[PDB]
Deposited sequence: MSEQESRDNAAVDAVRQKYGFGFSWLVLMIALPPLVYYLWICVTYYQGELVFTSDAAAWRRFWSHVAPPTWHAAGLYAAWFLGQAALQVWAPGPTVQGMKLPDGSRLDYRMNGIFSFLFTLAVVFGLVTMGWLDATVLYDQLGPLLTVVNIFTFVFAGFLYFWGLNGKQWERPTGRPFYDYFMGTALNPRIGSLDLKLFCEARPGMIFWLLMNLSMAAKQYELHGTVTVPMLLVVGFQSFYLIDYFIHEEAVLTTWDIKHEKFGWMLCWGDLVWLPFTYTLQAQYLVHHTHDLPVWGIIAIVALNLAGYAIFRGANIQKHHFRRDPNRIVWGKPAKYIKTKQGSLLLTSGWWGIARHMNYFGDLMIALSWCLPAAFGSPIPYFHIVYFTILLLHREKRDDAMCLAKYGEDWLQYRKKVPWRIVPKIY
């Protein structure tokens, strides 16, 4: 019921926003006018052979890389059953490689610095069709909406795991490439790469670089550990992420304003405070959980020794709130959106979205650790009451 309608509803929302930002001036268009709606929705681009070819070439370039990237191999999760999946993983080498190759096609003139901006509209629809055909196949490898949530758990061909792959290669690297192309397009249309583009493009670049340095970490996440793929997962990978995360740069492509240096200082500080907290918390959890006795913020570490053989840090960021890290991530989000300034609501629809996401994620994780840690978790929730913020929530 809600799922098939949500399923048909999603691709339009991406078109809507894209149309909005590119063809209008990033204003939230809404009228009741018939003629206005025909003008609005005519802007949807049909699927071109050069686009389908280009994407298919890219997606298979990444699949190729994912399969023959140098190494190492890691064991994956799922302690019971065993039920321990092999993961060849070369995200770093892959990333560097596809950069060198892509920039290489670009200097060789064989590809244009701006293809991803130019042939964008058709890509959106090409990938939209490709994910539907794809989700059809994912349904076929393994009862009305199962298209939505999928079957066969973590499906593979030739040591290629699809949830992880789509999570990473053809989805997220495309994100940075688009950003670069859109940077390039701002320069071709206006003579300089404006500072807000450099903030946005650099910030997302570094976030991604950070992501791959911690490629192993995403082997423990809900997407990977628990939820079994499906159209929403696959489409969230190939479509939602690149074509909405690039909205800031999209917007900026024809918004060549600069920011006052105080805005520069506050935005960057926001981003780095956010990274101190997001990466800080995780490292701290780890470095504590490999040596409890070690100091954490000077003081000897305060932990709760859970009956089911695990330790819960009750100090450092984990002492301040149960999810400082999520807060870190959210600061980071807001720091991407603020270069865009206050011309339009569109660039900021990420922090709204991310916020809701984090809220959902928090609730889930909370439940999970109650199912696992029982009273010790409750004891913990007694020690550290604040979910994220933490004086507020």
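- In sequence order, the gaps in C-alpha coverage of the deposited chain fall at 1 to 22, 165 to 176.
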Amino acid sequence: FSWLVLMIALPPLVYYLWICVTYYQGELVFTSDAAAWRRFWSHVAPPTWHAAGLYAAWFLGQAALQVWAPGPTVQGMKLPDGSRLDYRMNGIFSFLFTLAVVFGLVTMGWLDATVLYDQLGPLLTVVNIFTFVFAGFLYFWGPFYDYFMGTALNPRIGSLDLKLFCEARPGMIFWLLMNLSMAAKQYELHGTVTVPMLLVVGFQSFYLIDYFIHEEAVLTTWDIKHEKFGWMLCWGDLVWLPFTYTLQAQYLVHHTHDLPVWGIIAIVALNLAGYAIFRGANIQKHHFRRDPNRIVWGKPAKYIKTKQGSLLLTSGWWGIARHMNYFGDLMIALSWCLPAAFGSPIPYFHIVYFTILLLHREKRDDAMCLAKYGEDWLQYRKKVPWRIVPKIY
From here on, numbers count along this sequence of modelled residues.
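- The stretch 289 to 297 shows the higher mean C-alpha B-factor when 289 to 297 is compared against 197 to 205 in the entry.
- Between the stretches 93 to 101 and 76 to 84, it is 76 to 84 that shows the larger average CA temperature factor.
- Per the deposited record, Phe30 carries the highest C-alpha B-factor of all listed residues (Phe30, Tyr348, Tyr55, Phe342).
- When the C-alpha B-factors of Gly171, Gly274, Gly319, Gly142 are ranked from the entry, the top spot goes to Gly142.
- When the modelled residues of the chain are ordered by their C-alpha B factor, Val21 lands in the lowest third.
- Ranked within its chain, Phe354 lands in the lowest third, by CA B factor from the PDB record.
- Ranked by C-alpha B-factor against the other modelled residues of its chain, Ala36 falls in the highest third.
- Sorting the modelled residues of the chain by their CA temperature factor places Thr125 in the middle third.
- Sort the chain's modelled residues by C-alpha temperature factor and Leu270 lands in the lowest third, per the entry.
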